[PDB]
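A short worksheet on the structure shown next.
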Amino acid sequence: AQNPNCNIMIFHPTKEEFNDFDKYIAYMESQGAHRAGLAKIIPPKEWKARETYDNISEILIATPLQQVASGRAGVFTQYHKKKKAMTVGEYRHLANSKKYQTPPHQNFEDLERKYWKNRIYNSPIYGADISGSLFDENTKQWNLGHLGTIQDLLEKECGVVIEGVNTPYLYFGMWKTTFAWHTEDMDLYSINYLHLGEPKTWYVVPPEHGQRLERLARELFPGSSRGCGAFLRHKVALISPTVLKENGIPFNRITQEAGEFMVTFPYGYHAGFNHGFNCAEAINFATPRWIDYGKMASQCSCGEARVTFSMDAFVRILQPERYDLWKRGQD
Ligand SMILES: O=C(O)CNC(=O)C(=O)O
Ligand SMILES: [Mg+2]
Ligand code: NI
Ligand SMILES: [Zn+2]
């Protein structure tokens, strides 16, 4: 078995190997990359996502989210308070202000220490989940707006044509902006490209050990657990590496820098934080290997998780027993 310790693997494809996306994902899996839940892909030196980032300031962040924490430094939840619209140029200036900017630090480890010590005492503002793309239309390789769709994968594998679409999303971050512990909708893959700015630190639990994280989460968030049998779908709970280590949960960490891709694999729980002003683009995708994970994915039916139009068909076809109850949650 390849990668039996479930380490995060880092790949350096050549420009030739960067042509065929599906083939390269299958290659990484042949080497055991999925066992980690997360892999890094450094693009060939010849590749670029677009020519420059000099003209992005007028993108609108219609609903910036203030991430307010509750709990203790290592075990907390966050809620998202909606703020007034602002442009990316306005948001960059805010991220660089004295109130929100990255503090002085020695290295990524010192910054990580500061994040876990101090996150709860601040409420950073995240421009998340913005439909759109920063890839130039002429970028042919690993263009996250030109991937094969999940609906087409399901049709190819299973023969059933379904409604729905699959487009990318932009994320504008600042120091301390946080992504809570989660797997993807329907335990899909994700791919995330850090277009510009400061790094993003990731934490990940191997898919084979995801239920250990779930059991810890039920213990740490006991009211949320009684409220919903899949409350990590709400995407609000944070647990620090120190707490994970104290409770014996297998996990790994890595820092993504600008110009790098990350892939999350089906049922790979992940969480993390941004180091400073940045912009990422991410989208879900599927492969043949996903179908079995899609069939077994948990679902939130309490009503909190509320997701896209396109998830309907995935539930309806892959999980017809759950359909009814999950749709009640969605309406
Ligand atoms: O970058 C973020 O805030 C969160 N991204 C992801 O969870 C992802 O790409 O799967
Ligand atoms: Mg612009
Ligand atoms: Ni994710
Ligand atoms: Zn729920």
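Labels for the structure tokens follow display order: chains A, B, ..., residues from 1 in each chain, ligands from 1.
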
What are the closest atom pairs, with distances in Å to one decimal, for each residue of region 216-260 of chain A lying within 10 Å of region 290-314 of chain A, using only C-alpha atoms, rows by chain and rising residue number, as JSON lines?
```
{"residue": "A:227", "atom": "CA", "partner": "A:302", "partner_atom": "CA", "distance": 7.3}
{"residue": "A:228", "atom": "CA", "partner": "A:302", "partner_atom": "CA", "distance": 5.9}
{"residue": "A:229", "atom": "CA", "partner": "A:300", "partner_atom": "CA", "distance": 6.8}
{"residue": "A:230", "atom": "CA", "partner": "A:300", "partner_atom": "CA", "distance": 5.1}
{"residue": "A:231", "atom": "CA", "partner": "A:300", "partner_atom": "CA", "distance": 6.6}
{"residue": "A:232", "atom": "CA", "partner": "A:300", "partner_atom": "CA", "distance": 8.5}
{"residue": "A:233", "atom": "CA", "partner": "A:305", "partner_atom": "CA", "distance": 5.8}
{"residue": "A:234", "atom": "CA", "partner": "A:305", "partner_atom": "CA", "distance": 4.8}
{"residue": "A:235", "atom": "CA", "partner": "A:305", "partner_atom": "CA", "distance": 7.9}
```

List all protein, DNA and RNA residues that have any atom at most 7 Å from ligand 1, counting only C-alpha atoms and all ligand atoms, and write the list as a PyMOL selection string. chain A and resi 128+171+178-179+184+190-192+264+270-271+280+282-283

Shell of 12 Å around region 251-255 of chain A, only C-alpha atoms, local chain residues under 2 positions omitted, as a PyMOL selection string: chain A and resi 5-10+35-40+107-109+111-112+181+194+198-210+212-213+239-249+257-258+260-262+268-275

C-alpha atoms of the current selection, written as a PDB file, in the first residue's frame:
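Saved file result00.pdb follows:
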```pdb
ATOM      1  CA  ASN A   5       1.455   6.716   7.127  1.00  0.00           C
ATOM      2  CA  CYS A   6      -0.950   9.076   5.222  1.00  0.00           C
ATOM      3  CA  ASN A   7       1.566  11.850   4.817  1.00  0.00           C
ATOM      4  CA  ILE A   8       0.774  14.935   2.754  1.00  0.00           C
ATOM      5  CA  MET A   9       2.550  14.502  -0.584  1.00  0.00           C
ATOM      6  CA  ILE A  10       3.945  17.316  -2.744  1.00  0.00           C
ATOM      7  CA  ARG A  35      -4.487   8.629   1.944  1.00  0.00           C
ATOM      8  CA  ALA A  36      -3.472  12.002   3.510  1.00  0.00           C
ATOM      9  CA  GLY A  37      -6.740  13.764   2.537  1.00  0.00           C
ATOM     10  CA  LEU A  38      -4.717  16.632   1.026  1.00  0.00           C
ATOM     11  CA  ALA A  39      -1.878  17.031  -1.560  1.00  0.00           C
ATOM     12  CA  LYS A  40       0.115  19.996  -2.817  1.00  0.00           C
ATOM     13  CA  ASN A 107       8.533  32.245  10.605  1.00  0.00           C
ATOM     14  CA  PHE A 108       5.370  30.242   9.752  1.00  0.00           C
ATOM     15  CA  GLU A 109       5.599  28.245  13.008  1.00  0.00           C
ATOM     16  CA  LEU A 111       2.686  32.733  13.211  1.00  0.00           C
ATOM     17  CA  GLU A 112       0.841  29.446  13.725  1.00  0.00           C
ATOM     18  CA  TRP A 181     -13.342  21.614  10.030  1.00  0.00           C
ATOM     19  CA  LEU A 194      -3.715  30.451  -4.160  1.00  0.00           C
ATOM     20  CA  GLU A 198       0.051  35.658   1.870  1.00  0.00           C
ATOM     21  CA  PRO A 199      -0.014  31.938   2.683  1.00  0.00           C
ATOM     22  CA  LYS A 200      -2.796  29.612   3.873  1.00  0.00           C
ATOM     23  CA  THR A 201      -2.077  26.956   6.519  1.00  0.00           C
ATOM     24  CA  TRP A 202      -4.047  23.716   6.258  1.00  0.00           C
ATOM     25  CA  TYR A 203      -4.778  20.904   8.700  1.00  0.00           C
ATOM     26  CA  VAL A 204      -6.161  17.573   7.443  1.00  0.00           C
ATOM     27  CA  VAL A 205      -7.323  14.221   8.829  1.00  0.00           C
ATOM     28  CA  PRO A 206      -6.719  11.125   6.649  1.00  0.00           C
ATOM     29  CA  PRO A 207     -10.033   9.872   5.173  1.00  0.00           C
ATOM     30  CA  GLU A 208      -9.569   6.494   6.803  1.00  0.00           C
ATOM     31  CA  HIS A 209      -9.615   8.237  10.171  1.00  0.00           C
ATOM     32  CA  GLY A 210     -12.376  10.776   9.629  1.00  0.00           C
ATOM     33  CA  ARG A 212     -12.191   9.678  14.863  1.00  0.00           C
ATOM     34  CA  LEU A 213     -12.442  13.396  14.241  1.00  0.00           C
ATOM     35  CA  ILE A 239     -10.242  22.340  17.069  1.00  0.00           C
ATOM     36  CA  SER A 240      -6.515  23.152  17.412  1.00  0.00           C
ATOM     37  CA  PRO A 241      -3.603  20.901  16.630  1.00  0.00           C
ATOM     38  CA  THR A 242      -2.733  20.794  20.306  1.00  0.00           C
ATOM     39  CA  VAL A 243      -6.209  19.485  21.150  1.00  0.00           C
ATOM     40  CA  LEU A 244      -6.118  16.991  18.321  1.00  0.00           C
ATOM     41  CA  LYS A 245      -2.722  15.706  19.606  1.00  0.00           C
ATOM     42  CA  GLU A 246      -4.032  15.483  23.183  1.00  0.00           C
ATOM     43  CA  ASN A 247      -6.887  13.333  21.939  1.00  0.00           C
ATOM     44  CA  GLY A 248      -4.818  11.085  19.675  1.00  0.00           C
ATOM     45  CA  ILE A 249      -6.440  12.208  16.397  1.00  0.00           C
ATOM     46  CA  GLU A 257       1.958  29.667  -0.786  1.00  0.00           C
ATOM     47  CA  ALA A 258       0.918  31.822  -3.691  1.00  0.00           C
ATOM     48  CA  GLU A 260       0.485  26.557  -5.510  1.00  0.00           C
ATOM     49  CA  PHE A 261      -2.503  24.180  -5.810  1.00  0.00           C
ATOM     50  CA  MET A 262      -3.961  22.058  -3.055  1.00  0.00           C
ATOM     51  CA  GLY A 268     -10.608  14.366   3.949  1.00  0.00           C
ATOM     52  CA  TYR A 269     -11.564  16.651   6.821  1.00  0.00           C
ATOM     53  CA  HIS A 270      -9.682  19.947   6.623  1.00  0.00           C
ATOM     54  CA  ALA A 271      -9.464  23.309   8.392  1.00  0.00           C
ATOM     55  CA  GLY A 272      -7.056  26.228   8.314  1.00  0.00           C
ATOM     56  CA  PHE A 273      -6.302  29.906   8.323  1.00  0.00           C
ATOM     57  CA  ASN A 274      -4.871  32.717   6.207  1.00  0.00           C
ATOM     58  CA  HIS A 275      -1.637  34.509   7.101  1.00  0.00           C
TER      59      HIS A 275
END
```

Please, which residues of region 104-215 of chain A, numbered as in this document, come out strand (DSSP E) from DSSP, as number ranges by chain? A: 125-131, 169-173, 178-182, 189-197, 200-205

All residues within 10 Å of ligand 2 are required, counting only C-alpha atoms and all ligand atoms; please report them as a ChimeraX atom specification. /A:53-60,87-89

When DSSP works through the backbone of this structure, what residues of region 65-94 of chain A end up as helix (DSSP H, G or I), shown as a PDB file with N, CA and C atoms, in the first residue's frame?
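Generated output (selection-v4.pdb):
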```
ATOM      1  N   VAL A  88     -12.594  44.664  -3.712  1.00  0.00           N
ATOM      2  CA  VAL A  88     -11.350  43.992  -3.350  1.00  0.00           C
ATOM      3  C   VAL A  88     -10.335  45.050  -3.011  1.00  0.00           C
ATOM      4  N   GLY A  89     -10.264  46.199  -3.673  1.00  0.00           N
ATOM      5  CA  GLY A  89      -9.275  47.245  -3.271  1.00  0.00           C
ATOM      6  C   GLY A  89      -9.639  47.737  -1.905  1.00  0.00           C
ATOM      7  N   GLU A  90     -10.858  47.961  -1.503  1.00  0.00           N
ATOM      8  CA  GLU A  90     -11.199  48.384  -0.214  1.00  0.00           C
ATOM      9  C   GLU A  90     -10.859  47.303   0.821  1.00  0.00           C
ATOM     10  N   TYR A  91     -11.135  46.057   0.509  1.00  0.00           N
ATOM     11  CA  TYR A  91     -10.850  44.937   1.416  1.00  0.00           C
ATOM     12  C   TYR A  91      -9.339  44.785   1.605  1.00  0.00           C
ATOM     13  N   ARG A  92      -8.513  44.890   0.607  1.00  0.00           N
ATOM     14  CA  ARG A  92      -7.079  44.846   0.762  1.00  0.00           C
ATOM     15  C   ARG A  92      -6.588  45.953   1.720  1.00  0.00           C
ATOM     16  N   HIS A  93      -7.107  47.155   1.547  1.00  0.00           N
ATOM     17  CA  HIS A  93      -6.709  48.220   2.468  1.00  0.00           C
ATOM     18  C   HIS A  93      -7.130  47.907   3.867  1.00  0.00           C
ATOM     19  N   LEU A  94      -8.281  47.323   4.112  1.00  0.00           N
ATOM     20  CA  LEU A  94      -8.717  46.931   5.418  1.00  0.00           C
ATOM     21  C   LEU A  94      -7.813  45.863   5.981  1.00  0.00           C
TER      22      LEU A  94
END
```

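Considering only C-alpha atoms and all ligand atoms, the residue among A:71, A:103, A:250, A:266 positioned nearest to ligand 3 is A:266.
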
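Remark: for ligand 4, the closest of the candidate residues A:120, A:325, A:174, A:85 is A:325 (distances computed over only C-alpha atoms and all ligand atoms).
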